[PDB]
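K.L.:
Pasting my_file.pdb below, which is PDB, C-alpha atoms.
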```pdb
ATOM      1  CA  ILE A 358       8.947  10.666 -13.872
ATOM      2  CA  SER A 359       7.135   8.917 -16.718
ATOM      3  CA  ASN A 360       7.359   6.002 -19.179
ATOM      4  CA  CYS A 361       9.173   3.527 -16.956
ATOM      5  CA  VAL A 362       9.046   0.169 -15.291
ATOM      6  CA  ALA A 363       9.928   1.283 -11.777
ATOM      7  CA  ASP A 364      10.881  -1.208  -9.114
ATOM      8  CA  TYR A 365       9.984  -0.200  -5.582
ATOM      9  CA  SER A 366      11.313  -3.117  -3.514
ATOM     10  CA  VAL A 367      14.859  -2.006  -4.366
ATOM     11  CA  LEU A 368      14.186   1.072  -2.208
ATOM     12  CA  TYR A 369      12.486   0.116   1.055
ATOM     13  CA  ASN A 370      14.284  -3.210   1.478
ATOM     14  CA  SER A 371      17.451  -1.119   1.445
ATOM     15  CA  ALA A 372      17.678   0.079   5.052
ATOM     16  CA  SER A 373      19.143   3.502   4.257
ATOM     17  CA  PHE A 374      16.082   5.370   5.554
ATOM     18  CA  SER A 375      14.662   6.125   8.984
ATOM     19  CA  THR A 376      11.295   7.451   7.749
ATOM     20  CA  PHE A 377       9.277   5.605   5.124
ATOM     21  CA  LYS A 378       5.691   6.762   5.366
ATOM     22  CA  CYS A 379       3.154   6.194   2.587
ATOM     23  CA  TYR A 380      -0.303   7.733   2.704
ATOM     24  CA  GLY A 381      -2.828   6.659   0.118
ATOM     25  CA  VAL A 382      -1.238   3.269  -0.422
ATOM     26  CA  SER A 383       0.699   0.649   1.475
ATOM     27  CA  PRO A 384       4.333  -0.109   0.540
ATOM     28  CA  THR A 385       3.623  -3.805  -0.018
ATOM     29  CA  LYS A 386       1.155  -3.107  -2.826
ATOM     30  CA  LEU A 387       3.384  -0.711  -4.778
ATOM     31  CA  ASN A 388       4.704  -3.490  -7.029
ATOM     32  CA  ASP A 389       1.189  -4.072  -8.366
ATOM     33  CA  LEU A 390      -0.133  -0.647  -9.361
ATOM     34  CA  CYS A 391       0.102   1.849 -12.211
ATOM     35  CA  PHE A 392       0.422   5.509 -11.411
ATOM     36  CA  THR A 393      -0.334   7.714 -14.509
ATOM     37  CA  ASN A 394       2.187  10.454 -13.508
ATOM     38  CA  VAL A 395       4.882  10.473 -10.825
ATOM     39  CA  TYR A 396       6.488  13.557  -9.337
ATOM     40  CA  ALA A 397       9.563  13.586  -7.126
ATOM     41  CA  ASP A 398      10.704  16.420  -4.877
ATOM     42  CA  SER A 399      14.013  16.953  -3.114
ATOM     43  CA  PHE A 400      15.306  19.218  -0.358
ATOM     44  CA  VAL A 401      17.326  19.084   2.882
ATOM     45  CA  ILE A 402      15.965  20.099   6.295
ATOM     46  CA  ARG A 403      16.974  19.754   9.940
ATOM     47  CA  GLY A 404      16.368  16.753  12.165
ATOM     48  CA  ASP A 405      13.153  17.601  13.983
ATOM     49  CA  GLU A 406      11.496  19.248  10.962
TER      50      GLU A 406
ATOM     51  CA  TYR B 505      20.043  19.440  14.394
ATOM     52  CA  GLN B 506      21.860  17.161  11.963
ATOM     53  CA  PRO B 507      20.811  17.442   8.298
ATOM     54  CA  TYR B 508      18.355  15.025   6.716
ATOM     55  CA  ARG B 509      17.585  14.322   3.061
ATOM     56  CA  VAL B 510      13.884  14.129   2.181
ATOM     57  CA  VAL B 511      12.198  12.834  -0.990
ATOM     58  CA  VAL B 512       8.447  13.236  -1.548
ATOM     59  CA  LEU B 513       6.761  11.133  -4.228
ATOM     60  CA  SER B 514       3.218  11.827  -5.367
ATOM     61  CA  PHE B 515       0.968  10.289  -7.985
ATOM     62  CA  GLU B 516      -2.540   9.755  -9.273
ATOM     63  CA  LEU B 517      -3.987   6.293  -9.228
ATOM     64  CA  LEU B 518      -6.638   5.676 -11.923
ATOM     65  CA  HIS B 519      -6.917   7.949 -14.953
ATOM     66  CA  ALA B 520      -6.108   8.130 -18.666
ATOM     67  CA  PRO B 521      -3.547   5.363 -19.464
ATOM     68  CA  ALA B 522      -1.145   3.808 -17.071
ATOM     69  CA  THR B 523       2.256   5.050 -18.356
ATOM     70  CA  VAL B 524       4.260   3.884 -15.283
ATOM     71  CA  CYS B 525       3.776   0.327 -14.058
ATOM     72  CA  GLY B 526       5.258  -2.184 -11.665
ATOM     73  CA  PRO B 527       7.846  -4.926 -12.052
ATOM     74  CA  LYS B 528       5.379  -7.731 -12.785
ATOM     75  CA  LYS B 529       4.594  -8.904 -16.308
ATOM     76  CA  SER B 530       1.626 -10.496 -18.042
ATOM     77  CA  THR B 531       0.187 -14.001 -18.110
ATOM     78  CA  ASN B 532      -2.199 -15.301 -20.810
ATOM     79  CA  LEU B 533      -5.958 -14.851 -20.693
ATOM     80  CA  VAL B 534      -8.386 -17.506 -19.471
ATOM     81  CA  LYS B 535     -12.060 -17.044 -20.321
ATOM     82  CA  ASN B 536     -15.351 -18.396 -18.959
ATOM     83  CA  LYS B 537     -13.902 -19.180 -15.535
ATOM     84  CA  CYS B 538     -13.726 -17.423 -12.179
ATOM     85  CA  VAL B 539     -10.376 -15.658 -11.823
ATOM     86  CA  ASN B 540      -8.782 -12.714 -10.069
ATOM     87  CA  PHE B 541      -8.013 -10.367 -12.925
ATOM     88  CA  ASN B 542      -5.628  -7.399 -13.017
ATOM     89  CA  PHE B 543      -5.658  -4.966 -15.941
ATOM     90  CA  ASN B 544      -3.322  -1.959 -15.536
ATOM     91  CA  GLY B 545      -3.768  -2.122 -11.764
ATOM     92  CA  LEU B 546      -7.561  -2.484 -11.486
ATOM     93  CA  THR B 547      -8.311  -5.810  -9.838
ATOM     94  CA  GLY B 548     -11.543  -7.677  -9.126
ATOM     95  CA  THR B 549     -13.061 -11.156  -9.175
ATOM     96  CA  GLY B 550     -15.139 -12.002 -12.211
ATOM     97  CA  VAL B 551     -15.625 -14.019 -15.383
ATOM     98  CA  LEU B 552     -14.122 -12.640 -18.583
ATOM     99  CA  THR B 553     -16.324 -13.084 -21.641
TER     100      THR B 553
ATOM    101  CA  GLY C 946     -53.789   7.289 -11.975
ATOM    102  CA  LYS C 947     -54.071   5.362  -8.727
ATOM    103  CA  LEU C 948     -52.530   2.294 -10.353
ATOM    104  CA  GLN C 949     -49.689   4.215 -11.978
ATOM    105  CA  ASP C 950     -48.637   5.914  -8.745
ATOM    106  CA  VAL C 951     -47.893   2.534  -7.195
ATOM    107  CA  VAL C 952     -45.497   1.687 -10.028
ATOM    108  CA  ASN C 953     -43.827   5.095  -9.755
ATOM    109  CA  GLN C 954     -43.210   4.830  -6.019
ATOM    110  CA  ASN C 955     -41.815   1.328  -6.288
ATOM    111  CA  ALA C 956     -39.320   2.474  -8.917
ATOM    112  CA  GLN C 957     -38.018   5.568  -7.152
ATOM    113  CA  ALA C 958     -37.178   3.340  -4.212
ATOM    114  CA  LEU C 959     -35.219   0.822  -6.252
ATOM    115  CA  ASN C 960     -33.324   3.536  -8.104
ATOM    116  CA  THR C 961     -32.261   5.151  -4.859
ATOM    117  CA  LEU C 962     -30.890   1.818  -3.714
ATOM    118  CA  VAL C 963     -28.675   1.432  -6.782
ATOM    119  CA  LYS C 964     -27.485   5.033  -6.726
ATOM    120  CA  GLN C 965     -26.289   4.696  -3.132
ATOM    121  CA  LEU C 966     -23.667   2.160  -4.221
ATOM    122  CA  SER C 967     -21.571   5.039  -5.554
ATOM    123  CA  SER C 968     -21.181   6.864  -2.242
ATOM    124  CA  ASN C 969     -18.053   6.468  -0.187
ATOM    125  CA  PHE C 970     -19.488   7.422   3.241
ATOM    126  CA  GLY C 971     -16.131   8.774   4.395
ATOM    127  CA  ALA C 972     -13.868   6.113   2.907
ATOM    128  CA  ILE C 973     -11.169   6.751   0.323
ATOM    129  CA  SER C 974     -13.287   5.303  -2.483
ATOM    130  CA  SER C 975     -16.694   3.859  -3.180
ATOM    131  CA  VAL C 976     -15.260   0.925  -5.115
ATOM    132  CA  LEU C 977     -14.403  -2.017  -2.910
ATOM    133  CA  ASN C 978     -11.860  -3.413  -5.349
ATOM    134  CA  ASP C 979      -9.760  -0.253  -5.195
ATOM    135  CA  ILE C 980      -9.499  -0.313  -1.427
ATOM    136  CA  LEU C 981      -8.407  -3.934  -1.604
ATOM    137  CA  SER C 982      -5.814  -3.282  -4.296
ATOM    138  CA  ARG C 983      -4.183  -0.384  -2.470
ATOM    139  CA  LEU C 984      -4.112  -1.071   1.269
ATOM    140  CA  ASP C 985      -2.628  -3.859   3.463
ATOM    141  CA  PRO C 986      -5.072  -5.806   5.720
ATOM    142  CA  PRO C 987      -4.905  -3.640   8.953
ATOM    143  CA  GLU C 988      -5.518  -0.285   7.115
ATOM    144  CA  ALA C 989      -8.129  -1.831   4.750
ATOM    145  CA  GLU C 990     -10.394  -2.932   7.647
ATOM    146  CA  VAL C 991     -10.988   0.720   8.745
ATOM    147  CA  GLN C 992     -12.101   1.626   5.192
ATOM    148  CA  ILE C 993     -14.257  -1.407   4.460
ATOM    149  CA  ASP C 994     -15.953  -0.903   7.821
TER     150      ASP C 994
ATOM    151  CA  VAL D 407      13.432  -1.214  16.065
ATOM    152  CA  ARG D 408      10.566   0.272  14.068
ATOM    153  CA  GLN D 409      10.287  -2.995  12.097
ATOM    154  CA  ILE D 410       9.209  -5.105  15.085
ATOM    155  CA  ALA D 411       5.649  -3.793  14.809
ATOM    156  CA  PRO D 412       2.533  -5.669  13.623
ATOM    157  CA  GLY D 413       2.769  -4.955   9.916
ATOM    158  CA  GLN D 414       5.913  -3.354   8.531
ATOM    159  CA  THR D 415       8.396  -3.930   5.752
ATOM    160  CA  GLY D 416      12.145  -3.897   5.364
ATOM    161  CA  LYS D 417      14.793  -6.452   6.180
ATOM    162  CA  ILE D 418      13.838  -7.766   9.609
ATOM    163  CA  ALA D 419      10.142  -8.079   8.791
ATOM    164  CA  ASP D 420      10.500  -9.563   5.309
ATOM    165  CA  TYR D 421      13.369 -12.010   5.854
ATOM    166  CA  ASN D 422      14.144 -12.338   9.560
ATOM    167  CA  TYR D 423      11.307 -11.906  12.074
ATOM    168  CA  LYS D 424       7.631 -11.447  11.206
ATOM    169  CA  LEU D 425       4.873 -10.628  13.673
ATOM    170  CA  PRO D 426       1.152 -11.473  13.011
ATOM    171  CA  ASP D 427      -1.430  -8.638  12.671
ATOM    172  CA  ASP D 428      -3.636 -10.297  15.358
ATOM    173  CA  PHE D 429      -0.864  -9.924  17.949
ATOM    174  CA  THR D 430      -1.339  -9.438  21.686
ATOM    175  CA  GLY D 431       1.638  -8.876  23.967
ATOM    176  CA  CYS D 432       4.414  -6.361  24.602
ATOM    177  CA  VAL D 433       7.618  -5.444  22.748
ATOM    178  CA  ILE D 434      10.613  -4.356  24.843
ATOM    179  CA  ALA D 435      13.897  -2.963  23.520
ATOM    180  CA  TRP D 436      16.925  -1.286  25.075
ATOM    181  CA  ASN D 437      20.355  -0.033  24.061
ATOM    182  CA  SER D 438      23.434  -2.209  24.598
ATOM    183  CA  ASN D 439      26.402  -0.562  22.883
ATOM    184  CA  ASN D 440      29.074  -1.504  25.410
ATOM    185  CA  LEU D 441      28.444  -5.170  26.235
ATOM    186  CA  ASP D 442      27.813  -6.344  22.658
ATOM    187  CA  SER D 443      30.074  -4.205  20.467
ATOM    188  CA  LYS D 444      33.771  -4.814  21.072
ATOM    189  CA  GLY D 447      33.374  -4.664  14.559
ATOM    190  CA  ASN D 448      32.063  -7.814  16.206
ATOM    191  CA  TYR D 449      31.315 -10.136  13.292
ATOM    192  CA  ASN D 450      29.221 -12.847  14.954
ATOM    193  CA  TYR D 451      25.799 -11.165  14.926
ATOM    194  CA  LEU D 452      24.191 -11.936  11.566
ATOM    195  CA  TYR D 453      21.078 -11.262   9.530
ATOM    196  CA  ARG D 454      19.749 -12.822   6.345
ATOM    197  CA  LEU D 455      20.207 -10.642   3.275
TER     198      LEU D 455
END
```
Reformat the file's structure so that it appears as structure tokens.

P.N.:
Amino acid sequence: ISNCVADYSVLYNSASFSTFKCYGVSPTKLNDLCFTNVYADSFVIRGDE
Amino acid sequence: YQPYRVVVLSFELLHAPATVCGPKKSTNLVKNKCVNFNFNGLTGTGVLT
Amino acid sequence: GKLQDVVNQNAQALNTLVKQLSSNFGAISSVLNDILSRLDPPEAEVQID
Amino acid sequence: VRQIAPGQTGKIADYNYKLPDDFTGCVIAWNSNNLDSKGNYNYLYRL
């Protein structure tokens, strides 16, 4: 993912998810930063994993 | 045991130019006065000369 | 020589004090403005402390 | 139920019910599927 203007509040305000868990940042501050390169990864696992 | 969909985002935070930024947009500059600046996501309190 | 050694010892001590402002001591950064622009208030306290 | 913690984000924290970070006191929750759900369209939240 590159060369965008990404909104992030359209994601976590939508209550689709049961696990939102950010590590180096906080989700409030994500509408204020600039990220230099963004990668996204996708897979499907079981419940407890 | 039910299936779950998992997305993992990862990024750098201060490097060579910004290239992905947030939903906010600029204001105009004010000089010789204490402000809270924000240039490409690097904040700080100072006086811009 | 005895007068120059006083000036040399008083300058090594002030240069060590400036150089220690770029250590992070276990935090995520050594810059205080990057902890404050990336973490919400509860998480930030543990890093500024 | 995970959004009734001292410092979260979502719908209940951002628009409905916000707790302060300096918070002392307990949070209790329990399941009531039978007595409340007949869909019953009187329970509301702010979008």

K.L.:
Which residues match the PyMOL selection byres ((chain C and resi 991) around 12) in the file above, as a list in words?

P.N.:
residues 971, 972, 973, 980, 981, 984, 985, 986, 987, 988, 989, 990, 992, 993 and 994 of chain C

K.L.:
Show me, as a ChimeraX atom specification, the residues of chain B whose atoms get within 12 Å of chain C, using all atoms listed in the file for the distance check.

P.N.:
/B:517-518,540-550

K.L.:
At most 10 Å is the cut-off: for each residue in chain D with any atom that close to an atom of chain A, write down the nearest atom pair and the distance in Å rounded to one decimal, counting only C-alpha atoms, chain first then increasing number, as a Markdown table.

P.N.:
```
| residue | atom | partner | partner_atom | distance |
| --- | --- | --- | --- | --- |
| D:408 | CA | A:375 | CA | 8.8 |
| D:414 | CA | A:384 | CA | 8.8 |
| D:415 | CA | A:370 | CA | 7.3 |
| D:416 | CA | A:370 | CA | 4.5 |
| D:417 | CA | A:370 | CA | 5.7 |
| D:418 | CA | A:370 | CA | 9.3 |
| D:419 | CA | A:370 | CA | 9.7 |
| D:420 | CA | A:370 | CA | 8.3 |
| D:421 | CA | A:370 | CA | 9.9 |
| D:455 | CA | A:370 | CA | 9.7 |
```

K.L.:
Which residues fall under the PyMOL selection byres ((chain D and resi 433-450) around 10) in this file, as a PyMOL selection string?

P.N.:
chain D and resi 407+410-411+430-432+451-453

K.L.:
Excluding stretch 397-399 of chain A and any residue of its chain fewer than 4 positions from it, enumerate the residues within 7 Å of it, using all atoms listed in the file, and give them as an MDAnalysis selection string.

P.N.:
chainID B and resid 510:514

K.L.:
Keeping only C-alpha atoms, write the selected residues as a tab-separated table (two decimals), in the frame of the given file.

P.N.:
```tsv
chain	number	residue	atom	x	y	z
B	510	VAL	CA	13.88	14.13	2.18
B	511	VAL	CA	12.20	12.83	-0.99
B	512	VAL	CA	8.45	13.24	-1.55
B	513	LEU	CA	6.76	11.13	-4.23
B	514	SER	CA	3.22	11.83	-5.37
```

K.L.:
Skipping near chain neighbours, those fewer than 2 positions away, what residues fall within 9 Å of residue B:519 using all atoms listed in the file, listed as a PyMOL selection string?

P.N.:
(chain A and resi 392-393) or (chain B and resi 516-517+521-522)

K.L.:
In Å to one decimal, how far is atom CA of residue D:426 from atom CA of residue D:454?

P.N.:
19.8 Å

K.L.:
Any idea what the distance is between atom CA of residue B:526 and atom CA of residue B:539?

P.N.:
20.6 Å

K.L.:
Which chain D residues are at most 10 Å from chain C (counting all atoms listed in the file), as a PDB file with C-alpha atoms, in the coordinates of the input?

P.N.:
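In the end it all went to result_28.pdb:
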```pdb
ATOM      1  CA  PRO D 412       2.533  -5.669  13.623  1.00  0.00           C
ATOM      2  CA  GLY D 413       2.769  -4.955   9.916  1.00  0.00           C
ATOM      3  CA  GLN D 414       5.913  -3.354   8.531  1.00  0.00           C
ATOM      4  CA  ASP D 427      -1.430  -8.638  12.671  1.00  0.00           C
ATOM      5  CA  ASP D 428      -3.636 -10.297  15.358  1.00  0.00           C
TER       6      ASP D 428
END
```

K.L.:
What does the PyMOL selection byres ((chain A) within 6 of (chain B)) select in this file, as a PyMOL selection string?

P.N.:
chain A and resi 359-364+388-404

K.L.:
Just the selected residues (C-alpha atoms), exported as a PDB file, in the coordinates of the input, please.

P.N.:
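Output below, filename selection-v8.pdb:
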```pdb
ATOM      1  CA  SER A 359       7.135   8.917 -16.718  1.00  0.00           C
ATOM      2  CA  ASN A 360       7.359   6.002 -19.179  1.00  0.00           C
ATOM      3  CA  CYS A 361       9.173   3.527 -16.956  1.00  0.00           C
ATOM      4  CA  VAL A 362       9.046   0.169 -15.291  1.00  0.00           C
ATOM      5  CA  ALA A 363       9.928   1.283 -11.777  1.00  0.00           C
ATOM      6  CA  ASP A 364      10.881  -1.208  -9.114  1.00  0.00           C
ATOM      7  CA  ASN A 388       4.704  -3.490  -7.029  1.00  0.00           C
ATOM      8  CA  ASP A 389       1.189  -4.072  -8.366  1.00  0.00           C
ATOM      9  CA  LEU A 390      -0.133  -0.647  -9.361  1.00  0.00           C
ATOM     10  CA  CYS A 391       0.102   1.849 -12.211  1.00  0.00           C
ATOM     11  CA  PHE A 392       0.422   5.509 -11.411  1.00  0.00           C
ATOM     12  CA  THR A 393      -0.334   7.714 -14.509  1.00  0.00           C
ATOM     13  CA  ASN A 394       2.187  10.454 -13.508  1.00  0.00           C
ATOM     14  CA  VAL A 395       4.882  10.473 -10.825  1.00  0.00           C
ATOM     15  CA  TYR A 396       6.488  13.557  -9.337  1.00  0.00           C
ATOM     16  CA  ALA A 397       9.563  13.586  -7.126  1.00  0.00           C
ATOM     17  CA  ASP A 398      10.704  16.420  -4.877  1.00  0.00           C
ATOM     18  CA  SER A 399      14.013  16.953  -3.114  1.00  0.00           C
ATOM     19  CA  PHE A 400      15.306  19.218  -0.358  1.00  0.00           C
ATOM     20  CA  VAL A 401      17.326  19.084   2.882  1.00  0.00           C
ATOM     21  CA  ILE A 402      15.965  20.099   6.295  1.00  0.00           C
ATOM     22  CA  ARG A 403      16.974  19.754   9.940  1.00  0.00           C
ATOM     23  CA  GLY A 404      16.368  16.753  12.165  1.00  0.00           C
TER      24      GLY A 404
END
```

K.L.:
Quick one: what's the axis-aligned box for stretch 377-380 of chain A, all listed atoms, 3 Å on every side, centre and edges in Å to one decimal, as lines of an AutoDock Vina configuration file?

P.N.:
```
center_x = 4.5
center_y = 6.7
center_z = 4.0
size_x = 15.6
size_y = 8.1
size_z = 8.8
```

K.L.:
Rounded to one decimal in Å, what is the spacing between atom CA of residue A:374 and atom CA of residue A:387?

P.N.:
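Those two atoms sit 17.5 Å apart.
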